[PDB]
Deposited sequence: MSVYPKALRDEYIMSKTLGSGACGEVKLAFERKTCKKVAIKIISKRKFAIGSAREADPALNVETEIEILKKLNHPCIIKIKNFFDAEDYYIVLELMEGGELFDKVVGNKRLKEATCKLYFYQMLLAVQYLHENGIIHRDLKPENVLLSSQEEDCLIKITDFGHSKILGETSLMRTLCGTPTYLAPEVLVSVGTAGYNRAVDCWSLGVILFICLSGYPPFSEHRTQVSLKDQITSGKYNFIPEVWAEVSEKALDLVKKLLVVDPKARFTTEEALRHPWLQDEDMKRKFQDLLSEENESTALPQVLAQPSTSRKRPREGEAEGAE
């Protein structure tokens, strides 16, 4: 059965997609989504402190036989369902969604959080309309940046310190780049309807495809996509994490300098919000 404290506040309903259930908050008679994780504490603390229009908000939490995370309901479901079975979005729709993913992840990295599991299943859409807000979810693998062991190590004289630790200094502090790579793979899929690295009709192992950076490029699928969109993908799918585009660099890329797209996003934000009166 559902835990009593959850029942006290919510009426549970149908499965939306771990499971995600529709529920109704009794107080408001409004819909919520309830993520059930079978037996997270850090994920909750992260979700509670973040405040961005493209990051899912937590409404409630119950730690019982299973975990119950109560969230705002995103009516449009998961991005995965828009791109599965070779389905692909209009380039303009890709740009609107990708811009928002970039804003969200930029906000995470500014706030010292790396997501580490960005994928279409973790991108939620606000409605069944093509032009909609998106929100990232699932901080179950996310890492909080703070002062490292390495930093403390480097404060003393390395008389006794192993060479591999001094070697690691060249690359330390780029862990956030893994999110930019996943973004690149998401963008590749949204624009083309097929993954850049996979075992479908190829002899090269998945690992080798990825570490070499040699994505599967099929000209015929890509001919209808703009040069600028592909140029961004290429800058994100860079094997060297120090050379890989950051979210700031991606947000400055020509493909994203799109006044009409940005207007649409601003309009959608305005429509979402229920603000109080304000002075002047």
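Missing from the model, relative to the deposited sequence, are the stretches 1 to 2, 20 to 23, 46 to 61, 303 to 323.
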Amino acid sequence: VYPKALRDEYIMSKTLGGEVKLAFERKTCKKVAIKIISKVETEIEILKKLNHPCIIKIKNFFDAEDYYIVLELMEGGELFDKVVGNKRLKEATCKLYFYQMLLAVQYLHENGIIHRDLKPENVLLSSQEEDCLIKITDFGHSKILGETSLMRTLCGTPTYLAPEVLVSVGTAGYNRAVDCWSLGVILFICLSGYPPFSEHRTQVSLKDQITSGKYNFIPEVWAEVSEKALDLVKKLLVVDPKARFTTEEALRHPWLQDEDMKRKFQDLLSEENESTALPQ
From here on, numbers count along this sequence of modelled residues.
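Per the compared records, residue 110 is resolved in all of the other entries whose models span it, so no third of them omit it. Compared with other deposited structures of the same protein, residue 147 meets the criterion of being unmodelled in at least one third of those that resolve residues on both sides. Two stretches are in play, 225 to 233 and 244 to 252, and the higher mean C-alpha B-factor belongs to 225 to 233. A summary of the deposited B-factors shows that, of 180 to 188 and 201 to 209, the stretch with the larger mean C-alpha value is 201 to 209. Based on the entry's C-alpha B-factors, the most elevated value among 140, 156, 112, 196 belongs to 156. Ranked within its chain, residue 26 lands in the lowest third, by CA B factor from the PDB record.
In this PDB entry, residue 147 carries a Cα temperature factor that places it within the highest third of its chain's modelled residues.
Among the modelled residues of the chain, residue 122 sits in the lowest third by CA temperature factor in this PDB entry. Split the chain's modelled residues into thirds by C-alpha temperature factor. Residue 93 is in the middle one. Among all modelled residues in this chain, the alpha-carbon of residue 44 has a temperature factor (C-alpha) in the middle third.
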